[PDB]
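Colleague: Supplied in structure tokens, the structure appears directly below.
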Amino acid sequence: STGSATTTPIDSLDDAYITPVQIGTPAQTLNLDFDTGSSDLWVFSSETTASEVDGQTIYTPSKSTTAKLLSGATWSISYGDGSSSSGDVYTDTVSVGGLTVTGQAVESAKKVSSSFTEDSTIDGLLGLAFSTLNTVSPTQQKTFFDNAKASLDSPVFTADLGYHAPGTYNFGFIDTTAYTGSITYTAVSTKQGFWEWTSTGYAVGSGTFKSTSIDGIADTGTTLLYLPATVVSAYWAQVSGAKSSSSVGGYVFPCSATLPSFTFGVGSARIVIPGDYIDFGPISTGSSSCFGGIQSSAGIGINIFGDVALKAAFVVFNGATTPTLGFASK
């Protein structure tokens, strides 16, 4: 089997992407944030504290003839930005782009943090990291991909995120029309539960490539590119007036700037992030100070190849017995 679904930016900055997901019988379609940096599929629901729902579409398990309470199971998750959610668990039929999993754990939120409430466009998360990170207790549950894998034509999914435009998540096949040149595959460590790999270096604009190993994660659920302070300083030094602002929480730059590109290495291959992908717009409405899309990972404790990086590539998440990651230009 295969599946193919369009993923759409939630706003004009590509702050996140949402993908429609069918849950239950009859189908209830929710728009979920596909997140290769976590492993829980959770949704706003009829169980979510009423004051914490503000415009989201909810899953109502009592209206699904295939929903079953997973007795005694609870979940609770916190993300790197301090947001959180928790609740109980159902199993139900879940379909993405025509690919169907029966008995998928659907984690129903009883509580969500304010940031979720305040974002009406995201109805929940669909985790695509390794199932070892799943938070369900006392019996850990599998991700949608883990459950689908054996049925897929090939045990892979691909992320093809758009810049200020829709893109595609495919399951079970590689669309050879969706990228240019060849796909370069690179090793993955699953030791921390992530799609963790080592970039071979970087360049800023038309500058020379610096060969250096950068261990980090491929994370569709993180907006920005978080890299070591040395690398980030080298990038922003090429933008007149750019500075790190403790009050804003990262590098800012004059909105009048033209940003240089940023290249990252995948083995001997190179992925080029155009400068415009690194512009996250005014820090507050009407400001002429703009927020940068490349930020320091210092104090996160991990480098993150988030959407800024991934949207410059066609990315293969290869879930073979020994997982690997592939990157192609597009």
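Just so it is clear, chain A uses Swiss-Prot numbers, and the residues here are 90-419, in order.
Recorded method for this deposit: X-ray crystallography, 1.1 Å.
In case you wondered, yes, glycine gets a Cβ from its N, Cα and C as well.
Found this in Swiss-Prot, in case it helps:
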type	residues	note
DOMAIN	106-417	domain 'Peptidase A1'
ACT_SITE	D124	active site
ACT_SITE	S288	active site
DISULFID	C344-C379	disulfide bond
Colleague: Using other CB atoms within 10 angstroms as the count, which residue among the disulfide-bonded residues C344, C379 scores least?
Modeller: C344
Colleague: Within 10 Å of the Cβ of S288 (active site), how many other Cβ atoms are there?
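Modeller: Here the count is 22.
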Colleague: Return the member of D124, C344, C379 nearest to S288 (active site) in space, with distance defined Cα to Cα and candidates limited to these recorded positions.
Modeller: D124
Colleague: Round to the nearest Å and give the CA-to-CA distance linking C379 (disulfide bond) with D124 (active site).
Modeller: 26
Colleague: Non-local Cβ contacts of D124 (active site) (under 8 Å, 6 or more apart, same chain)?
Modeller: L214, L215, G216, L217, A218, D308, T309, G310
Colleague: May I ask you to report the DSSP-based helix, strand or coil state of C379 (disulfide bond)?
Modeller: strand
